[PDB]
Structure formats: structure tokens, C-alpha cells
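Beneath this line is the structure, given in C-alpha cells, with notes to follow.
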Amino acid sequence: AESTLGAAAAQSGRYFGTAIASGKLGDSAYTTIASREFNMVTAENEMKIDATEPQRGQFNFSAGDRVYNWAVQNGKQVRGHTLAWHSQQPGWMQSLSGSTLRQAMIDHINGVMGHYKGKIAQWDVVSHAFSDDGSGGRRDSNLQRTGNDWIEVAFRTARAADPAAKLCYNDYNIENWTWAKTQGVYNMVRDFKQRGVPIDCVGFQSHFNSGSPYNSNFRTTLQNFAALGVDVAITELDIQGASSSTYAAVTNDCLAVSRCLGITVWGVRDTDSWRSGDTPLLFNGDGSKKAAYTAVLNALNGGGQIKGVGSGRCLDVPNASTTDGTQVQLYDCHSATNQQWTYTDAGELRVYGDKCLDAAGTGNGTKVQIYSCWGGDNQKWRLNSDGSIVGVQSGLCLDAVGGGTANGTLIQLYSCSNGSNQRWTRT
């Protein structure tokens, strides 16, 4: 299969997952997308410490099991998240320290893993353990103050609790190889493998944005860690702006690393994101696939003028007009700026540099024209592998009116049909 993300990833033995929030499982639009596109699930918050052990010694798995059950019943594996870390600790744990905190950490690991023993593919045993101060050292926390060996102990405890689960160390800002934080974690994992500390994977959260941007060296980081003898996983992927190129780049980085188990994006729709303002996911709030979705799917499936297949003519702005509202047409291909389209990372098809291929509405017959670029979804398009070009907002295909092939044939939106008047080639 190759029409959905999970299935496409499965072609190479990998998974494509998402973060599931129990409070959204009653939302049909949400579950329809989530069940269809992903074959791996991480509970966004339901398996954290405060959620699983609200009171010291009092475990509660109602929320966690709801997410776990939904996952398995819908054919998805599960990544446990998270057994031991400084954030979101229940009140009682926040006030603990020293030996008592160390034992509390151990009891928690045993309780949660015991409950899910043998049913979890991967567990984020420890997360957010390193600082962002640039020293590459451990971050100051109550857990770290119990002893620098707390992480090692967590892993040994986890291995004994459930030998069937892959144990991962998870963190953010450890994707760029040149960063001190990345080196700090690398050195720790290397030390662990050399001394026999039970660690099977390293999770790279991959929360990319202009403050901490994706860099091509992420692939090198993944390869360097894989060379240590551990699997790697992209665990909480989201990209500020959802650039199609960046999303495809990260996807290809995992495909380039034999031990990269798969990729999990942190949420289903942008409206479900912990950082919705960065519109960092693959689906819009209205459920429509973003340009980045198609870029990722194309990558998972193994991978200028825009010429119509049925007509042999090019997408053309009549008389090189730059006027907003000018409907586009088919016209004999020739060297002219009004036939030069640029596909951007935002999914736009630009002409003249700042004009955008624009749908004047959402239904069949809608006029496709040029309008100054502003970022609307009616100006975003998905370039499908079959040659069709689909509008993000409308879900409709660019269509040469009535199957016309002569110069002057207008372009409109129309239900996709795989017809030759809806197929295009670029060069």
C-alpha cells in the first residue's frame, strides 16, 4: 500500500506515527484521519508520571489504557511516553529529593512498565535530561541532584521490568551535530554502550523552528548514533511553517538510516498541536492535507513550465497580465515569464515572483486565476505523483475546462478524475 503515510513507511519496514490525545478520541474527524494515516501511536500525556501515578503509590491507567487500546484496536504499535523526567512531575514528586526521590523513580518505572509489560514497542525511559545552556552537561533537576547515575539506573530498572520493550533516551535540540547538547547525549550513550548499560534507542524529538532549525547534518547525527549500536527514532516531529522541503528532508534522513525505526509527528491536525501558532503539522484544522503531506508521502514512496498532458499546452497567464483575478489558460509553450511557475515550500505556485495560482472558490467550475500571494489555502496546491495538482482548501483538481486542448482553454477546479485534462508534467 502507498496512499497513506503509515502504509508508505511500512514498505521499508518503518512506521509513521502521531501523538494521540484521549480527549480527542470522541472527535470523528480526528480519529478518521488518525486511524487512516498512522501505524504508530504515542500518548501525548496519558502515560506521563502525573497521569499514571497521581498520588505516590497510587497508579491510574484509565487514560493511558484508553489511548493504548485505541492504538492496538486500530492496528498501531505504541511508544510509551515517558517513565522518568523532570517536567510535569506530580506535586508529591516535585518536593522529593535524594534517596527517597531515587526510589520513587524506580517504583514508578516498575509500576507503569509492569502494567504494559510486553505490549509496548518502545519506551521513552528518560527525557529532557540535558541542558540548553550550551555546556553539553546535565540540566539541573531534582532527579539529577540525586546522582549523575540516575539515568543509568532508570534504564537498568526498565530492562528488568520489561525485557521486550526497546528502551530509548529522548530529548530535543540534539538533532544538530555541532551543538554541545547533541555531543553531551552522544557521549553518554557511547559510554552506556561501552559499559553495557541497557539502552536500545535514542529518540530525537525534532521540534524544528527558526530558533532551532533543521540542518542537513541531522542525518549525520542519526548515522553517528546508529554507529554506536542503537536504533534511532524521530519521536515528536513538527516543523514551524511545515515547509514541504524540510518535511521531505527529515523523511529522507530516516530512510537513509537503516536503524531509524520510523517517524512520529507530534499531533494530527495543526489545531491539535501544542504549538498551533507555528502550523507545524501535516493536516489543516479542517482536515485537509497540506502540501507537506504530499511531500512526505512522495518521499516514503521513494520519490518552470507546467504542461498539460492531454493538450500538450502550458499553464499560461493571458497576455502576461499581472492583474489580480485574471483566469489562467492553456497556451502553446514558449519562453515567457507568464508560463514560468515556481512551487514553494508553502505549497504555492508562484508567477512573476509575487503572484499566486489562486482558486476563487471551492466547488466544481471554480475559476483558477492569479492573485497576490497571501498564504490562503486556496493558494496552496499538492503535486500528486499521478500528475494531478490538487487545491489544498478545495480538494479539487486543476482542470482544463471541458477537456479543451486549444489555446485559450480556461483552467478551473473540478473533482479529480485522473483525466488527461487534469494531468500535468513539469520541467
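Labeling convention for the C-alpha cells: chains A, B, ... as they appear, residues from 1 per chain, ligands from 1 in order of appearance.
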- Among stretch 160-344 of chain A, which ones does DSSP place in strand (DSSP E), written as a ChimeraX atom specification? /A:166-171,201-204,207-208,231-239,260-265,306-308,314-316,326-327,329-331,342-343
- Got a sec: who's within 12 Å of residue A:385, counting only C-alpha atoms, leaving out chain neighbours fewer than 4 positions off, as a ChimeraX atom specification? /A:2-3,294-299,301-303,389-390,418,423-426
Could you save those same residues with N, CA, C and O atoms as an mmCIF file, in the first residue's frame?
```
data_model
loop_
_atom_site.group_PDB
_atom_site.id
_atom_site.type_symbol
_atom_site.label_atom_id
_atom_site.label_comp_id
_atom_site.auth_asym_id
_atom_site.auth_seq_id
_atom_site.Cartn_x
_atom_site.Cartn_y
_atom_site.Cartn_z
ATOM 1 N N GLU A 2 0.365 2.330 -0.561
ATOM 2 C CA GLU A 2 1.141 3.552 -0.591
ATOM 3 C C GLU A 2 0.345 4.846 -0.695
ATOM 4 O O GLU A 2 0.885 5.867 -1.113
ATOM 5 N N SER A 3 -0.925 4.811 -0.299
ATOM 6 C CA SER A 3 -1.759 6.010 -0.347
ATOM 7 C C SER A 3 -1.826 6.726 1.001
ATOM 8 O O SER A 3 -2.359 7.832 1.087
ATOM 9 N N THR A 294 1.862 15.675 1.060
ATOM 10 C CA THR A 294 2.200 15.056 -0.211
ATOM 11 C C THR A 294 3.708 14.888 -0.366
ATOM 12 O O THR A 294 4.173 13.891 -0.919
ATOM 13 N N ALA A 295 4.472 15.853 0.140
ATOM 14 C CA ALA A 295 5.929 15.789 0.061
ATOM 15 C C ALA A 295 6.445 14.596 0.863
ATOM 16 O O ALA A 295 7.344 13.878 0.423
ATOM 17 N N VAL A 296 5.869 14.387 2.042
ATOM 18 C CA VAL A 296 6.265 13.274 2.896
ATOM 19 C C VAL A 296 5.846 11.943 2.275
ATOM 20 O O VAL A 296 6.632 10.996 2.230
ATOM 21 N N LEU A 297 4.609 11.871 1.790
ATOM 22 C CA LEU A 297 4.126 10.639 1.178
ATOM 23 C C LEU A 297 5.003 10.268 -0.018
ATOM 24 O O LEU A 297 5.375 9.106 -0.183
ATOM 25 N N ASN A 298 5.339 11.257 -0.844
ATOM 26 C CA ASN A 298 6.179 11.006 -2.013
ATOM 27 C C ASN A 298 7.541 10.465 -1.599
ATOM 28 O O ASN A 298 8.074 9.550 -2.232
ATOM 29 N N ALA A 299 8.106 11.030 -0.539
ATOM 30 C CA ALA A 299 9.407 10.581 -0.063
ATOM 31 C C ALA A 299 9.327 9.135 0.426
ATOM 32 O O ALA A 299 10.178 8.311 0.088
ATOM 33 N N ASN A 301 7.341 6.901 -0.485
ATOM 34 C CA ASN A 301 7.132 6.012 -1.623
ATOM 35 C C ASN A 301 8.363 5.924 -2.523
ATOM 36 O O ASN A 301 8.324 5.292 -3.579
ATOM 37 N N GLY A 302 9.451 6.556 -2.091
ATOM 38 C CA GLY A 302 10.688 6.515 -2.854
ATOM 39 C C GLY A 302 10.785 7.510 -3.993
ATOM 40 O O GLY A 302 11.501 7.274 -4.968
ATOM 41 N N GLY A 303 10.072 8.625 -3.874
ATOM 42 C CA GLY A 303 10.107 9.637 -4.914
ATOM 43 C C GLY A 303 9.610 9.114 -6.247
ATOM 44 O O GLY A 303 8.637 8.360 -6.304
ATOM 45 N N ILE A 389 -2.814 18.051 -9.889
ATOM 46 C CA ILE A 389 -2.484 19.145 -8.982
ATOM 47 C C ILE A 389 -3.776 19.479 -8.241
ATOM 48 O O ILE A 389 -4.745 19.961 -8.833
ATOM 49 N N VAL A 390 -3.783 19.196 -6.942
ATOM 50 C CA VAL A 390 -4.962 19.397 -6.116
ATOM 51 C C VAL A 390 -4.882 20.604 -5.189
ATOM 52 O O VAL A 390 -3.860 20.837 -4.546
ATOM 53 N N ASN A 418 -8.578 11.735 -12.862
ATOM 54 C CA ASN A 418 -7.459 11.026 -13.474
ATOM 55 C C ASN A 418 -7.466 11.261 -14.984
ATOM 56 O O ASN A 418 -6.753 10.586 -15.727
ATOM 57 N N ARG A 423 -3.990 16.183 -15.820
ATOM 58 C CA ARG A 423 -2.629 15.692 -15.620
ATOM 59 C C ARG A 423 -1.637 16.707 -16.157
ATOM 60 O O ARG A 423 -1.839 17.277 -17.230
ATOM 61 N N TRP A 424 -0.561 16.925 -15.410
ATOM 62 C CA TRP A 424 0.453 17.893 -15.802
ATOM 63 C C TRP A 424 1.867 17.373 -15.589
ATOM 64 O O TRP A 424 2.116 16.550 -14.706
ATOM 65 N N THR A 425 2.792 17.862 -16.404
ATOM 66 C CA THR A 425 4.193 17.479 -16.295
ATOM 67 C C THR A 425 5.012 18.755 -16.177
ATOM 68 O O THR A 425 4.696 19.762 -16.807
ATOM 69 N N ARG A 426 6.054 18.718 -15.356
ATOM 70 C CA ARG A 426 6.900 19.889 -15.174
ATOM 71 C C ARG A 426 8.353 19.620 -15.537
ATOM 72 O O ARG A 426 8.853 18.509 -15.367
#
```
- atom CA of residue A:300 to atom CA of residue A:15: how many Å, to one decimal? 10.2 Å
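For residue A:352, the residues within 9 Å (counting only C-alpha atoms, excluding itself and residues fewer than 2 positions away along the chain) are residues 322, 337, 338, 340, 341, 350, 354, 355 and 356 of chain A.
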- Selection: 7 Å around residue A:324, only C-alpha atoms, excl. self and same-chain fewer than 5 positions, as an NGL selection string: :A and (370-372)
C-alpha atoms of the current selection, written as a CSV table (one decimal), in the first residue's frame:
```csv
chain,number,residue,atom,x,y,z
A,370,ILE,CA,-3.6,34.7,-10.3
A,371,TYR,CA,-4.0,36.9,-7.1
A,372,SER,CA,-1.2,38.4,-5.0
```
- Task: Find the spatial neighbours of residue A:268, counting only C-alpha atoms, within a cut-off of 12 Å - ignore same-chain residues fewer than 5 positions away - and output them as a PyMOL selection string.
- Result: chain A and resi 16-21+24-25+27+29-38+41-42+44+236-238+273-274+276+279-290+293
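Residues lying within 9 Å of residue A:89, counting only C-alpha atoms and ignoring same-chain neighbours fewer than 6 positions away, are residues 48, 49 and 50 of chain A.
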For those residues, write N, CA and C atoms to a file as an mmCIF file, in the first residue's frame.
```cif
data_model
loop_
_atom_site.group_PDB
_atom_site.id
_atom_site.type_symbol
_atom_site.label_atom_id
_atom_site.label_comp_id
_atom_site.auth_asym_id
_atom_site.auth_seq_id
_atom_site.Cartn_x
_atom_site.Cartn_y
_atom_site.Cartn_z
ATOM 1 N N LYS A 48 2.392 9.802 31.118
ATOM 2 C CA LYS A 48 3.418 10.522 31.857
ATOM 3 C C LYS A 48 3.254 10.202 33.338
ATOM 4 N N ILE A 49 4.191 10.667 34.155
ATOM 5 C CA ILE A 49 4.173 10.384 35.587
ATOM 6 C C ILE A 49 2.935 10.848 36.348
ATOM 7 N N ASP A 50 2.569 12.116 36.192
ATOM 8 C CA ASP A 50 1.405 12.656 36.888
ATOM 9 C C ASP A 50 0.110 11.965 36.465
#
```
